[PDB]
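In the authors' numbering, the protein residues as written are 1 to 330. Here the structure is laid out as structure tokens; the discussion comes afterwards.
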Ligand SMILES: CC(C)/N=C1\C=CC=CC\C1=N/C(C)C
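Quick look at the structure:
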């Protein structure tokens with residue numbers, strides 16, 4: 001089998017992407033944030049504290065003939081951005097772009113943190129990291145991908161995120177029309193539960209390529225590109241008027257400035273992020289100071305190839321017995 005679904009930016013800045021997901025019988029369609037950096041499929045629901053729901057579409061398990069309480073199961077998660085959610089668990093039928101998994105753990109939120117409430121466009125998350133990170137207790141649950149894997153034509157999914165435009169998540173096949181050149185595959189460590197790999201280096205604009213190993217994760221659920229302070233400083237030093245602002249919480253720059261591209265290495269191959277992808281707009285409405293899309297990972301404890309990087313590429317998440325990652329230009 002295969003599946004194919006369009007993913008759409010939630011706003012004009014590509015702060016995140018939402019993908020429609022069918023849950024239950026009859027289908028309840030929720031717009032979920034596909035997150036290769038986590039492993040829980042959780043949803044706003046009829047069980048979510050009323051004061052914490054503000055415009056989201058909710059899953060109502062009592063209206064699904066295929067929903068079953070996963071008796072005794074609870075979940076609780078906290079994300080890198082400080083957000084969190086928790087609740088109980090149902091199993092139900094879940095479909096993404098024509099691909100159906102029966103008995104998928106659907107984690108129903110009883111509580112969500114303010115950032116989730118405040119974002120009316122995201123109805124929940126669909127985790128696509130390794131199932132070892134799943135927070136369901138006492139019985140850890142499998143991701144949608146892990147459940148679908150054996151049925152897929154090939155045990156892979158692909159992320160093809162758009163710049164200020166929709167893109168595509170495919171399951172079970174590689175669309176050879178969706179990228180240029182060849183796909184370069186690179187090793188993955190699953191030891192921390194992430195799609196963790198090692199970039200071979202970077203270049204800033206037309207500058208010479210610096211060969212250096214940069215461990216990091218391929219994370220569709222993170223907006224920006226977070227890299228070591230050395231690398232990030234080298235980038236922003238090429239932008240007139242750029243500075244790191246403690247009050248704003250990262251590098252900012254005047255949008256009268258022109259942003260250089262940023263290149264990252266995948267083996268001997270190179271993915272080029274255009275300068276425009278690194279502009280995240282005014283720090284506040286009407287401000288002449290813009291927020292940068294490349295930021296320091298210092299303090300996070302890991303480098304993160306988030307949407308800024310991933311949307312410059314066609315990315316293969318290869319879930320074979322030995323997982324790997326593939327990157328192609330597009
Ligand atoms: C890219 C997006 C998620 N973040 C921002 C986007 C625009 C403006 C200001 C700040 C900002 N993050 C700060 C709070 C660290």
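Quick reminder that beta carbons are idealized off the backbone N, C-alpha and C, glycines included.
Own chain residues within Cβ distance below 6 Å of residue i, not counting five before or after
i: residue 16; result: 10, 33
i: residue 58; result: 44, 45, 46
i: residue 289; result: 252, 283
i: residue 197; result: 186, 188, 325
i: residue 96; result: 3, 5, 21
Simplified DSSP assignment, three categories, for residue i
i: residue 111; result: strand
i: residue 54; result: coil
i: residue 318; result: strand
i: residue 105; result: strand
i: residue 44; result: coil
i: residue 276; result: helix
i: residue 61; result: helix
i: residue 308; result: helix
i: residue 116; result: helix
i: residue 132; result: helix
i: residue 241; result: coil
i: residue 100; result: strand
i: residue 282; result: strand
i: residue 32; result: strand
Anticipated Cβ contact below 8 Å, residue i with residue j, distance rounded
i: residue 179; j: residue 329; result: 7 Å
i: residue 319; j: residue 149; result: 6 Å
i: residue 269; j: residue 184; result: 4 Å
i: residue 241; j: residue 291; result: So it is not a contact: roughly 14 Å between Cβ atoms.
i: residue 115; j: residue 83; result: 4 Å
i: residue 186; j: residue 87; result: That belief does not hold up - the Cβ atoms of residue 186 and residue 87 are roughly 36 Å apart, past 8 Å.
i: residue 272; j: residue 263; result: 5 Å
i: residue 117; j: residue 103; result: In fact, because the Cβ distance is near 30 Å, the residues do not count as touching under 8 Å.
i: residue 37; j: residue 307; result: With a Cβ gap of about 11 Å, residue 37 and residue 307 do not count as contacting.
i: residue 22; j: residue 123; result: Residue 22 to residue 123, Cβ: 12 Å. No contact.
i: residue 216; j: residue 209; result: At roughly 17 Å, the Cβ-Cβ gap does not stay under 8 Å, so residue 216 and residue 209 are not in contact.
i: residue 39; j: residue 193; result: 7 Å
i: residue 73; j: residue 89; result: 4 Å
i: residue 129; j: residue 195; result: 7 Å
Among the options, nearest to residue i - alpha-carbon criterion
i: residue 30; options: 75, 66, 65, 106; result: 106
i: residue 174; options: 19, 95, 317, 246; result: 317
i: residue 203; options: 162, 232, 80; result: 232
i: residue 281; options: 160, 92, 123, 224; result: 224
i: residue 278; options: 228, 206, 294, 244; result: 294
i: residue 94; options: 50, 70, 144, 110; result: 144
i: residue 108; options: 300, 192, 61, 314; result: 61
i: residue 254; options: 261, 239, 265; result: 239
i: residue 51; options: 126, 110, 177; result: 110
Contact test: residue i Cβ vs ligand 3 heavy atom, cutoff 7 Å
i: residue 305; result: This structure lacks ligand 3; the ligands present are ligand 1.
Own chain partners of residue i with C-beta closer than 7 Å, once the 5 adjacent residues on each side are dropped
i: residue 155; result: 149, 319, 320
i: residue 8; result: 17, 18, 166
i: residue 76; result: 86, 135
Same chain, Cβ closer than 8 Å to residue i, five either side skipped, listed in chain order
i: residue 247; result: none
Item to check | Segments assigned alpha helix (DSSP H), at least 4 residues, entirely inside the segment 195-239 | outcome: 229-236
Item to check | Contiguous beta strand (DSSP E) assignments of at least 3 residues, all confined to the segment 138-188 | outcome: 156-160, 167-171, 184-187
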